[PDB]
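As stored in coords_36.pdb (PDB, C-alpha atoms and all ligand atoms):
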```pdb
ATOM      1  CA  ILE R   1       4.827 -13.018 -15.823  1.00  0.00           C
ATOM      2  CA  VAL R   2       4.142 -15.163 -18.898  1.00  0.00           C
ATOM      3  CA  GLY R   3       6.423 -18.096 -19.776  1.00  0.00           C
ATOM      4  CA  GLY R   4       8.532 -17.674 -16.632  1.00  0.00           C
ATOM      5  CA  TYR R   5       9.422 -20.047 -13.810  1.00  0.00           C
ATOM      6  CA  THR R   6       8.482 -19.997 -10.102  1.00  0.00           C
ATOM      7  CA  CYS R   7      11.281 -18.310  -8.203  1.00  0.00           C
ATOM      8  CA  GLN R   8      13.295 -20.120  -5.550  1.00  0.00           C
ATOM      9  CA  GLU R   9      11.459 -18.686  -2.523  1.00  0.00           C
ATOM     10  CA  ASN R  10      12.856 -15.391  -1.254  1.00  0.00           C
ATOM     11  CA  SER R  11      15.389 -15.373  -4.074  1.00  0.00           C
ATOM     12  CA  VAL R  12      14.319 -11.842  -5.059  1.00  0.00           C
ATOM     13  CA  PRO R  13      14.449 -10.109  -1.682  1.00  0.00           C
ATOM     14  CA  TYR R  14      14.469  -6.758  -3.414  1.00  0.00           C
ATOM     15  CA  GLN R  15      10.950  -7.530  -4.725  1.00  0.00           C
ATOM     16  CA  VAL R  16       7.796  -6.047  -3.096  1.00  0.00           C
ATOM     17  CA  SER R  17       4.009  -6.269  -3.660  1.00  0.00           C
ATOM     18  CA  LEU R  18       1.692  -3.231  -3.446  1.00  0.00           C
ATOM     19  CA  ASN R  19      -1.504  -3.924  -1.510  1.00  0.00           C
ATOM     20  CA  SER R  20      -4.766  -2.078  -1.979  1.00  0.00           C
ATOM     21  CA  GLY R  21      -6.594  -4.911  -0.222  1.00  0.00           C
ATOM     22  CA  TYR R  22      -5.489  -7.262  -3.035  1.00  0.00           C
ATOM     23  CA  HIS R  23      -2.239  -7.457  -5.036  1.00  0.00           C
ATOM     24  CA  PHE R  24      -2.260  -4.920  -7.855  1.00  0.00           C
ATOM     25  CA  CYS R  25       1.295  -3.832  -8.717  1.00  0.00           C
ATOM     26  CA  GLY R  26       4.909  -4.551  -7.811  1.00  0.00           C
ATOM     27  CA  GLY R  27       8.031  -2.610  -6.810  1.00  0.00           C
ATOM     28  CA  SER R  28      11.610  -3.091  -5.594  1.00  0.00           C
ATOM     29  CA  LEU R  29      13.083  -1.956  -2.257  1.00  0.00           C
ATOM     30  CA  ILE R  30      15.919   0.457  -3.009  1.00  0.00           C
ATOM     31  CA  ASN R  31      16.721   1.699   0.513  1.00  0.00           C
ATOM     32  CA  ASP R  32      15.192   0.713   3.897  1.00  0.00           C
ATOM     33  CA  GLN R  33      12.206   3.062   3.592  1.00  0.00           C
ATOM     34  CA  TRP R  34      12.001   3.804  -0.099  1.00  0.00           C
ATOM     35  CA  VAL R  35      10.214   1.850  -2.814  1.00  0.00           C
ATOM     36  CA  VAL R  36      10.358   2.586  -6.545  1.00  0.00           C
ATOM     37  CA  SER R  37       7.302   1.653  -8.587  1.00  0.00           C
ATOM     38  CA  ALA R  38       5.434   2.978 -11.628  1.00  0.00           C
ATOM     39  CA  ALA R  39       3.356   6.143 -11.257  1.00  0.00           C
ATOM     40  CA  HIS R  40       0.802   4.285 -13.300  1.00  0.00           C
ATOM     41  CA  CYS R  41       0.370   2.406  -9.995  1.00  0.00           C
ATOM     42  CA  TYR R  42      -0.752   5.278  -7.740  1.00  0.00           C
ATOM     43  CA  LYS R  43      -3.508   4.676  -5.176  1.00  0.00           C
ATOM     44  CA  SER R  44      -4.428   7.176  -2.440  1.00  0.00           C
ATOM     45  CA  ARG R  45      -3.482   4.474   0.083  1.00  0.00           C
ATOM     46  CA  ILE R  46      -1.082   1.577  -0.510  1.00  0.00           C
ATOM     47  CA  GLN R  47       0.230  -1.131   1.847  1.00  0.00           C
ATOM     48  CA  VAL R  48       3.705  -2.246   0.823  1.00  0.00           C
ATOM     49  CA  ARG R  49       4.451  -5.888   1.459  1.00  0.00           C
ATOM     50  CA  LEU R  50       7.999  -7.162   1.813  1.00  0.00           C
ATOM     51  CA  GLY R  51       9.252 -10.727   2.093  1.00  0.00           C
ATOM     52  CA  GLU R  52       6.488 -12.416   0.076  1.00  0.00           C
ATOM     53  CA  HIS R  53       6.819 -15.585  -2.010  1.00  0.00           C
ATOM     54  CA  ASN R  54       3.336 -17.093  -1.797  1.00  0.00           C
ATOM     55  CA  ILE R  55       1.035 -14.027  -1.943  1.00  0.00           C
ATOM     56  CA  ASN R  56      -1.905 -15.956  -0.443  1.00  0.00           C
ATOM     57  CA  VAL R  57      -0.488 -17.840   2.569  1.00  0.00           C
ATOM     58  CA  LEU R  58       1.215 -16.313   5.606  1.00  0.00           C
ATOM     59  CA  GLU R  59       4.663 -17.856   5.602  1.00  0.00           C
ATOM     60  CA  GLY R  60       6.768 -16.187   8.300  1.00  0.00           C
ATOM     61  CA  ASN R  61       9.127 -13.868   6.424  1.00  0.00           C
ATOM     62  CA  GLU R  62       6.669 -11.027   5.598  1.00  0.00           C
ATOM     63  CA  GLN R  63       6.620  -7.366   6.573  1.00  0.00           C
ATOM     64  CA  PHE R  64       3.636  -5.148   5.732  1.00  0.00           C
ATOM     65  CA  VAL R  65       4.071  -1.390   5.924  1.00  0.00           C
ATOM     66  CA  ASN R  66       1.897   1.483   4.782  1.00  0.00           C
ATOM     67  CA  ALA R  67       2.922   4.221   2.378  1.00  0.00           C
ATOM     68  CA  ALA R  68       3.850   7.379   4.269  1.00  0.00           C
ATOM     69  CA  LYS R  69       4.217   9.562   1.150  1.00  0.00           C
ATOM     70  CA  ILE R  70       3.674   8.388  -2.467  1.00  0.00           C
ATOM     71  CA  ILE R  71       5.418  10.359  -5.223  1.00  0.00           C
ATOM     72  CA  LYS R  72       4.565  10.131  -8.894  1.00  0.00           C
ATOM     73  CA  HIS R  73       7.235  11.791 -11.053  1.00  0.00           C
ATOM     74  CA  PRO R  74       6.079  15.320 -11.819  1.00  0.00           C
ATOM     75  CA  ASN R  75       6.480  14.632 -15.532  1.00  0.00           C
ATOM     76  CA  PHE R  76       4.252  11.575 -15.443  1.00  0.00           C
ATOM     77  CA  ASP R  77       1.950  11.430 -18.454  1.00  0.00           C
ATOM     78  CA  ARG R  78      -1.026   9.076 -17.826  1.00  0.00           C
ATOM     79  CA  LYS R  79      -1.425   9.481 -21.564  1.00  0.00           C
ATOM     80  CA  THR R  80       1.845   8.268 -23.024  1.00  0.00           C
ATOM     81  CA  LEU R  81       3.101   6.561 -19.867  1.00  0.00           C
ATOM     82  CA  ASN R  82       6.163   8.624 -20.634  1.00  0.00           C
ATOM     83  CA  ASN R  83       8.089   9.096 -17.387  1.00  0.00           C
ATOM     84  CA  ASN R  84       6.437   6.204 -15.618  1.00  0.00           C
ATOM     85  CA  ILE R  85       8.337   6.100 -12.296  1.00  0.00           C
ATOM     86  CA  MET R  86       7.121   6.795  -8.719  1.00  0.00           C
ATOM     87  CA  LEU R  87       8.703   6.686  -5.236  1.00  0.00           C
ATOM     88  CA  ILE R  88       6.929   5.550  -2.027  1.00  0.00           C
ATOM     89  CA  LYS R  89       8.345   6.509   1.423  1.00  0.00           C
ATOM     90  CA  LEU R  90       7.203   3.829   3.896  1.00  0.00           C
ATOM     91  CA  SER R  91       5.841   5.058   7.229  1.00  0.00           C
ATOM     92  CA  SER R  92       8.778   3.459   9.087  1.00  0.00           C
ATOM     93  CA  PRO R  93      11.824   1.498   8.039  1.00  0.00           C
ATOM     94  CA  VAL R  94      11.883  -2.210   7.194  1.00  0.00           C
ATOM     95  CA  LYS R  95      13.982  -4.856   8.975  1.00  0.00           C
ATOM     96  CA  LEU R  96      16.559  -5.684   6.321  1.00  0.00           C
ATOM     97  CA  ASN R  97      17.378  -9.394   6.490  1.00  0.00           C
ATOM     98  CA  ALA R  98      17.883 -12.006   3.725  1.00  0.00           C
ATOM     99  CA  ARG R  99      14.293 -12.295   2.598  1.00  0.00           C
ATOM    100  CA  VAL R 100      14.031  -8.499   2.513  1.00  0.00           C
ATOM    101  CA  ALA R 101      16.934  -6.808   0.741  1.00  0.00           C
ATOM    102  CA  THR R 102      17.777  -3.703  -1.269  1.00  0.00           C
ATOM    103  CA  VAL R 103      18.635  -3.375  -4.986  1.00  0.00           C
ATOM    104  CA  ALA R 104      21.293  -0.967  -6.350  1.00  0.00           C
ATOM    105  CA  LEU R 105      20.574   1.869  -8.785  1.00  0.00           C
ATOM    106  CA  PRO R 106      22.134   2.033 -12.235  1.00  0.00           C
ATOM    107  CA  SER R 107      25.764   3.143 -12.496  1.00  0.00           C
ATOM    108  CA  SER R 108      25.209   3.574 -16.242  1.00  0.00           C
ATOM    109  CA  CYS R 109      22.564   2.472 -18.756  1.00  0.00           C
ATOM    110  CA  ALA R 110      22.825  -1.235 -19.575  1.00  0.00           C
ATOM    111  CA  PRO R 111      23.923  -2.292 -23.064  1.00  0.00           C
ATOM    112  CA  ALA R 112      21.383  -3.908 -25.378  1.00  0.00           C
ATOM    113  CA  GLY R 113      22.281  -7.577 -25.071  1.00  0.00           C
ATOM    114  CA  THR R 114      22.110  -7.827 -21.251  1.00  0.00           C
ATOM    115  CA  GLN R 115      20.161 -10.613 -19.509  1.00  0.00           C
ATOM    116  CA  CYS R 116      18.026  -9.201 -16.718  1.00  0.00           C
ATOM    117  CA  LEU R 117      15.542 -10.594 -14.236  1.00  0.00           C
ATOM    118  CA  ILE R 118      11.808  -9.888 -14.340  1.00  0.00           C
ATOM    119  CA  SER R 119       9.413 -10.762 -11.525  1.00  0.00           C
ATOM    120  CA  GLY R 120       5.943 -10.154 -10.143  1.00  0.00           C
ATOM    121  CA  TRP R 121       2.657 -11.777  -9.123  1.00  0.00           C
ATOM    122  CA  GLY R 122       1.195 -10.424 -12.357  1.00  0.00           C
ATOM    123  CA  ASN R 123      -0.870 -12.340 -14.903  1.00  0.00           C
ATOM    124  CA  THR R 124       0.648 -15.597 -16.178  1.00  0.00           C
ATOM    125  CA  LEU R 125      -1.405 -16.118 -19.327  1.00  0.00           C
ATOM    126  CA  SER R 126      -0.899 -14.619 -22.799  1.00  0.00           C
ATOM    127  CA  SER R 127      -4.709 -14.396 -23.297  1.00  0.00           C
ATOM    128  CA  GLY R 128      -7.228 -14.651 -20.503  1.00  0.00           C
ATOM    129  CA  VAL R 129      -6.059 -13.849 -16.955  1.00  0.00           C
ATOM    130  CA  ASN R 130      -4.639 -16.096 -14.185  1.00  0.00           C
ATOM    131  CA  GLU R 131      -3.161 -14.537 -11.063  1.00  0.00           C
ATOM    132  CA  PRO R 132      -0.463 -16.764  -9.578  1.00  0.00           C
ATOM    133  CA  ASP R 133       0.081 -17.419  -5.879  1.00  0.00           C
ATOM    134  CA  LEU R 134       3.866 -17.669  -6.016  1.00  0.00           C
ATOM    135  CA  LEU R 135       6.316 -15.072  -7.185  1.00  0.00           C
ATOM    136  CA  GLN R 136       7.479 -15.509 -10.791  1.00  0.00           C
ATOM    137  CA  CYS R 137      10.782 -15.016 -12.514  1.00  0.00           C
ATOM    138  CA  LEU R 138      11.688 -14.643 -16.152  1.00  0.00           C
ATOM    139  CA  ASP R 139      15.142 -14.101 -17.696  1.00  0.00           C
ATOM    140  CA  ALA R 140      15.350 -11.689 -20.669  1.00  0.00           C
ATOM    141  CA  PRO R 141      17.676  -9.360 -22.584  1.00  0.00           C
ATOM    142  CA  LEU R 142      17.484  -5.620 -23.396  1.00  0.00           C
ATOM    143  CA  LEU R 143      16.574  -5.469 -27.129  1.00  0.00           C
ATOM    144  CA  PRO R 144      18.159  -2.751 -29.248  1.00  0.00           C
ATOM    145  CA  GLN R 145      16.277   0.567 -29.264  1.00  0.00           C
ATOM    146  CA  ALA R 146      15.768   0.328 -33.026  1.00  0.00           C
ATOM    147  CA  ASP R 147      13.874  -2.940 -32.452  1.00  0.00           C
ATOM    148  CA  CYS R 148      11.811  -1.532 -29.680  1.00  0.00           C
ATOM    149  CA  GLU R 149      10.648   1.233 -32.060  1.00  0.00           C
ATOM    150  CA  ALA R 150       9.670  -0.899 -35.052  1.00  0.00           C
ATOM    151  CA  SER R 151       7.354  -2.648 -32.602  1.00  0.00           C
ATOM    152  CA  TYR R 152       5.738   0.481 -31.153  1.00  0.00           C
ATOM    153  CA  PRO R 153       6.056   3.139 -33.868  1.00  0.00           C
ATOM    154  CA  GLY R 154       6.350   6.645 -32.539  1.00  0.00           C
ATOM    155  CA  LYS R 155       4.952   5.356 -29.273  1.00  0.00           C
ATOM    156  CA  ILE R 156       8.252   5.153 -27.332  1.00  0.00           C
ATOM    157  CA  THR R 157       9.966   8.124 -25.548  1.00  0.00           C
ATOM    158  CA  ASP R 158      13.660   7.896 -24.652  1.00  0.00           C
ATOM    159  CA  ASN R 159      12.979   6.846 -21.087  1.00  0.00           C
ATOM    160  CA  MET R 160      11.648   3.499 -22.264  1.00  0.00           C
ATOM    161  CA  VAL R 161      13.820   0.465 -23.158  1.00  0.00           C
ATOM    162  CA  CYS R 162      12.175  -2.747 -24.444  1.00  0.00           C
ATOM    163  CA  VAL R 163      12.973  -6.056 -22.750  1.00  0.00           C
ATOM    164  CA  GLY R 164      11.849  -9.468 -23.907  1.00  0.00           C
ATOM    165  CA  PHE R 165      11.467 -11.687 -26.898  1.00  0.00           C
ATOM    166  CA  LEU R 166      10.516 -10.500 -30.354  1.00  0.00           C
ATOM    167  CA  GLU R 167       9.087 -14.011 -31.015  1.00  0.00           C
ATOM    168  CA  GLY R 168       6.853 -13.612 -27.990  1.00  0.00           C
ATOM    169  CA  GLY R 169       5.837 -16.380 -25.616  1.00  0.00           C
ATOM    170  CA  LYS R 170       7.623 -14.832 -22.599  1.00  0.00           C
ATOM    171  CA  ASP R 171       6.947 -11.377 -21.167  1.00  0.00           C
ATOM    172  CA  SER R 172       5.691  -9.246 -18.285  1.00  0.00           C
ATOM    173  CA  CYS R 173       1.972  -8.358 -18.039  1.00  0.00           C
ATOM    174  CA  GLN R 174      -0.539  -6.334 -16.016  1.00  0.00           C
ATOM    175  CA  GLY R 175      -0.162  -7.118 -12.317  1.00  0.00           C
ATOM    176  CA  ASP R 176       3.628  -7.214 -12.861  1.00  0.00           C
ATOM    177  CA  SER R 177       3.521  -3.492 -13.573  1.00  0.00           C
ATOM    178  CA  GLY R 178       5.787  -1.569 -11.207  1.00  0.00           C
ATOM    179  CA  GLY R 179       8.284  -4.453 -10.773  1.00  0.00           C
ATOM    180  CA  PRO R 180      12.006  -4.591 -11.504  1.00  0.00           C
ATOM    181  CA  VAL R 181      14.374  -5.417 -14.321  1.00  0.00           C
ATOM    182  CA  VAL R 182      17.627  -5.919 -12.500  1.00  0.00           C
ATOM    183  CA  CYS R 183      20.672  -6.639 -14.573  1.00  0.00           C
ATOM    184  CA  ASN R 184      23.898  -7.792 -12.923  1.00  0.00           C
ATOM    185  CA  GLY R 185      22.135  -6.636  -9.833  1.00  0.00           C
ATOM    186  CA  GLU R 186      21.219  -3.116 -10.564  1.00  0.00           C
ATOM    187  CA  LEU R 187      17.689  -1.927 -11.354  1.00  0.00           C
ATOM    188  CA  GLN R 188      17.585  -1.113 -15.075  1.00  0.00           C
ATOM    189  CA  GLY R 189      13.825  -0.860 -15.760  1.00  0.00           C
ATOM    190  CA  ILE R 190      10.323  -0.852 -14.285  1.00  0.00           C
ATOM    191  CA  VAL R 191       7.344  -2.800 -15.670  1.00  0.00           C
ATOM    192  CA  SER R 192       5.495  -0.181 -17.778  1.00  0.00           C
ATOM    193  CA  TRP R 193       3.334  -1.485 -20.691  1.00  0.00           C
ATOM    194  CA  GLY R 194       3.160  -3.294 -24.080  1.00  0.00           C
ATOM    195  CA  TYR R 195       0.436  -4.083 -26.675  1.00  0.00           C
ATOM    196  CA  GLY R 196      -0.670  -7.588 -25.611  1.00  0.00           C
ATOM    197  CA  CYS R 197       1.157 -10.139 -23.516  1.00  0.00           C
ATOM    198  CA  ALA R 198       3.893 -12.443 -24.639  1.00  0.00           C
ATOM    199  CA  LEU R 199       2.634 -11.702 -28.167  1.00  0.00           C
ATOM    200  CA  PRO R 200       5.072 -12.081 -31.047  1.00  0.00           C
ATOM    201  CA  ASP R 201       6.303  -8.715 -32.322  1.00  0.00           C
ATOM    202  CA  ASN R 202       5.232  -6.785 -29.249  1.00  0.00           C
ATOM    203  CA  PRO R 203       8.035  -6.846 -26.669  1.00  0.00           C
ATOM    204  CA  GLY R 204       7.003  -5.432 -23.284  1.00  0.00           C
ATOM    205  CA  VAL R 205       8.289  -1.907 -22.615  1.00  0.00           C
ATOM    206  CA  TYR R 206      10.098  -0.733 -19.485  1.00  0.00           C
ATOM    207  CA  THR R 207      10.878   2.725 -18.044  1.00  0.00           C
ATOM    208  CA  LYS R 208      14.667   3.237 -18.058  1.00  0.00           C
ATOM    209  CA  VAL R 209      15.696   3.546 -14.390  1.00  0.00           C
ATOM    210  CA  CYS R 210      19.159   4.840 -15.306  1.00  0.00           C
ATOM    211  CA  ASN R 211      17.682   7.977 -16.848  1.00  0.00           C
ATOM    212  CA  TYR R 212      16.173   8.774 -13.425  1.00  0.00           C
ATOM    213  CA  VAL R 213      18.772   8.256 -10.680  1.00  0.00           C
ATOM    214  CA  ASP R 214      19.203  12.005 -10.417  1.00  0.00           C
ATOM    215  CA  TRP R 215      15.597  12.560  -9.529  1.00  0.00           C
ATOM    216  CA  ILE R 216      15.362   9.571  -7.229  1.00  0.00           C
ATOM    217  CA  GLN R 217      18.425  10.613  -5.227  1.00  0.00           C
ATOM    218  CA  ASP R 218      17.660  14.316  -4.685  1.00  0.00           C
ATOM    219  CA  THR R 219      13.921  13.478  -4.335  1.00  0.00           C
ATOM    220  CA  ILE R 220      14.679  11.231  -1.338  1.00  0.00           C
ATOM    221  CA  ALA R 221      16.809  13.903   0.288  1.00  0.00           C
ATOM    222  CA  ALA R 222      13.985  16.392  -0.164  1.00  0.00           C
ATOM    223  CA  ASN R 223      11.331  13.986   1.202  1.00  0.00           C
TER     224      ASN R 223
HETATM  225 CA    CA D   1       2.752 -14.606   2.333  1.00  0.00          CA
END
```
What would you get if you wrote out this structure as structure tokens?
Ligand SMILES: [Ca+2]
Amino acid sequence: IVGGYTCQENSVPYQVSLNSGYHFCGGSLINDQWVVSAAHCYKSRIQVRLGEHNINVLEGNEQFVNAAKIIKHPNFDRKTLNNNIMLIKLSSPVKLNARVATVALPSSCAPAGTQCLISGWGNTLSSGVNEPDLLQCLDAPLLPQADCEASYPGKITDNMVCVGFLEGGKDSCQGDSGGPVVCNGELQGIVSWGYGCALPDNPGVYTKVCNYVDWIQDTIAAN
């Protein structure tokens, strides 16, 4: 997260880190055994980590669980990142408490103008790299589709909404990828991509979680 603030510890209990031996992506806990992430985050083996704040110091509230099954959406396009959403069934349920909590799925698609929350242990610098120890938070609105599209001309499917600032300075970045965009406490988007980082005229782009609740739901039942 670039231009964000350090979250009050455990204030985003729905937030999880994906471990491949090091932090590499993020995700939110939607049920007690299912994690939504980006399919652009697939690894043959992933260790899900709940209850983190400081990613580099054992604090007490953590829970580390492997990934039983990892499901990239069948329509995933590594090419256009179109349909960038993936589910991960943990090998055994998590102990839901107040550091580890669930996030609700969209009732409807949020209206452009809504302030959401962004988070992740992703890069904190608009140019160069810096991987933070503590979770990060950033507030931000859903820009209007039109806007999104002037920024990334004929580079945006309809399962992508852009969230951020058109002036730049604040945005999501690599390492945040997979994380949530929770509005009024419902998961509205997933960290997907964007040309740059916190750059003016390049808002970050998110997969539109609402578009996919069908798939998530029945997927879960089938897995
Ligand atoms: Ca820790």
When the PyMOL selection byres (((not hetatm)) within 9 of (chain D and resi 1)) is applied to the file above, which residues end up in the set, as an mmCIF file with C-alpha atoms, in the coordinates of the input?
```cif
data_model
loop_
_atom_site.group_PDB
_atom_site.id
_atom_site.type_symbol
_atom_site.label_atom_id
_atom_site.label_comp_id
_atom_site.auth_asym_id
_atom_site.auth_seq_id
_atom_site.Cartn_x
_atom_site.Cartn_y
_atom_site.Cartn_z
ATOM 1 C CA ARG R 49 4.451 -5.888 1.459
ATOM 2 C CA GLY R 51 9.252 -10.727 2.093
ATOM 3 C CA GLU R 52 6.488 -12.416 0.076
ATOM 4 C CA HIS R 53 6.819 -15.585 -2.010
ATOM 5 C CA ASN R 54 3.336 -17.093 -1.797
ATOM 6 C CA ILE R 55 1.035 -14.027 -1.943
ATOM 7 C CA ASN R 56 -1.905 -15.956 -0.443
ATOM 8 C CA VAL R 57 -0.488 -17.840 2.569
ATOM 9 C CA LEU R 58 1.215 -16.313 5.606
ATOM 10 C CA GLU R 59 4.663 -17.856 5.602
ATOM 11 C CA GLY R 60 6.768 -16.187 8.300
ATOM 12 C CA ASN R 61 9.127 -13.868 6.424
ATOM 13 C CA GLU R 62 6.669 -11.027 5.598
ATOM 14 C CA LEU R 134 3.866 -17.669 -6.016
#
```
In Å, how far is it from atom CA of residue R:166 to atom CA of residue R:137?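 So the answer is 18.4 Å.
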Nearest residue to residue R:215 from the set R:8, R:15, R:91, R:83 (distances using all atoms listed in the file): R:83
If the PyMOL selection byres (((chain R and resi 139) around 7) and not hetatm) were run on this exact file, what residues would it hold? Put them as a list in words. residues 115, 116, 117, 118, 137, 138 and 140 of chain R
Starting from the PyMOL selection byres (((chain R and resi 198) around 9) and not hetatm), expand the selection into actual residues of this file and give them as a list in words.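 Taken on the displayed file, the PyMOL selection byres (((chain R and resi 198) around 9) and not hetatm) yields the residues residues 1, 2, 3, 125, 126, 127, 164, 165, 166, 167, 168, 169, 170, 171, 172, 173, 196, 197, 199, 200, 201, 202, 203 and 204 of chain R.
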Residue with the minimum atom-to-atom distance to residue R:133, picked from R:217, R:157, R:6, R:107 with all atoms listed in the file counted, is R:6
The distance between atom CA of residue R:21 and atom CA of residue R:175 is 13.9 Å
For the atom pair atom CA of residue R:146 and atom CA of residue R:163, what is the interatomic distance in Å to one decimal place?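 Pair atom CA of residue R:146 / atom CA of residue R:163 returns 12.4 Å.
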Calculated over all atoms listed in the file, which of the candidates R:122, R:93, R:74, R:106 has the smallest distance to residue R:187? R:106
Within 10 Å of residue R:92, counting only C-alpha atoms, which residues qualify if same-chain residues fewer than 5 places away don't, as a PyMOL selection string? chain R and resi 32-34+65-68
Residue with smallest distance to residue R:36 - pool R:142, R:209, R:81, R:162, counting only C-alpha atoms: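 Distance minimum relative to residue R:36 lands on R:209.
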Which residue of R:178, R:128, R:135, R:40 approaches residue R:82 most closely, using only C-alpha atoms: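 Closest to residue R:82 of all the choices is R:40.
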Find the residue from R:220, R:48, R:205, R:29 that sits nearest to residue R:14; use all atoms listed in the file when measuring.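 Once distances to residue R:14 are computed over all atoms listed in the file, the minimum belongs to R:29.
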Extract, using only C-alpha atoms, all DNA, RNA and protein residues at most 9 Å from residue R:24, discarding same-chain residues fewer than 6 positions from it, and format them as an mmCIF file with C-alpha atoms, in the coordinates of the input.
```cif
data_model
loop_
_atom_site.group_PDB
_atom_site.id
_atom_site.type_symbol
_atom_site.label_atom_id
_atom_site.label_comp_id
_atom_site.auth_asym_id
_atom_site.auth_seq_id
_atom_site.Cartn_x
_atom_site.Cartn_y
_atom_site.Cartn_z
ATOM 1 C CA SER R 17 4.009 -6.269 -3.660
ATOM 2 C CA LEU R 18 1.692 -3.231 -3.446
ATOM 3 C CA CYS R 41 0.370 2.406 -9.995
ATOM 4 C CA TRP R 121 2.657 -11.777 -9.123
ATOM 5 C CA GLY R 122 1.195 -10.424 -12.357
ATOM 6 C CA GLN R 174 -0.539 -6.334 -16.016
ATOM 7 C CA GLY R 175 -0.162 -7.118 -12.317
ATOM 8 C CA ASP R 176 3.628 -7.214 -12.861
ATOM 9 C CA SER R 177 3.521 -3.492 -13.573
#
```
If you count all atoms listed in the file, which residues fall within 7 Å of residue R:13, apart from same-chain ones fewer than 2 positions away, as a list in words?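 Residues near the query, excluding close chain neighbours: residues 10, 11, 15, 51, 98, 99, 100 and 101 of chain R.
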Quick one: residues within 7 Å of residue R:186, all atoms listed in the file counted, chain neighbours fewer than 6 positions away excluded, as number ranges by chain? R: 103-106
Mind working out the centre and edge lengths of an axis-aligned box for stretch 80-95 of chain R, all listed atoms inside, 8 Å added to each side, rounded to one decimal in Å and written as lines of an AutoDock Vina configuration file?
```
center_x = 7.9
center_y = 2.1
center_z = -7.0
size_x = 28.1
size_y = 30.0
size_z = 48.1
```
Write out as a ChimeraX atom specification the residues lying within 8 Å of residue R:112, counting only C-alpha atoms and excluding same-chain residues fewer than 3 positions away. /R:141-145
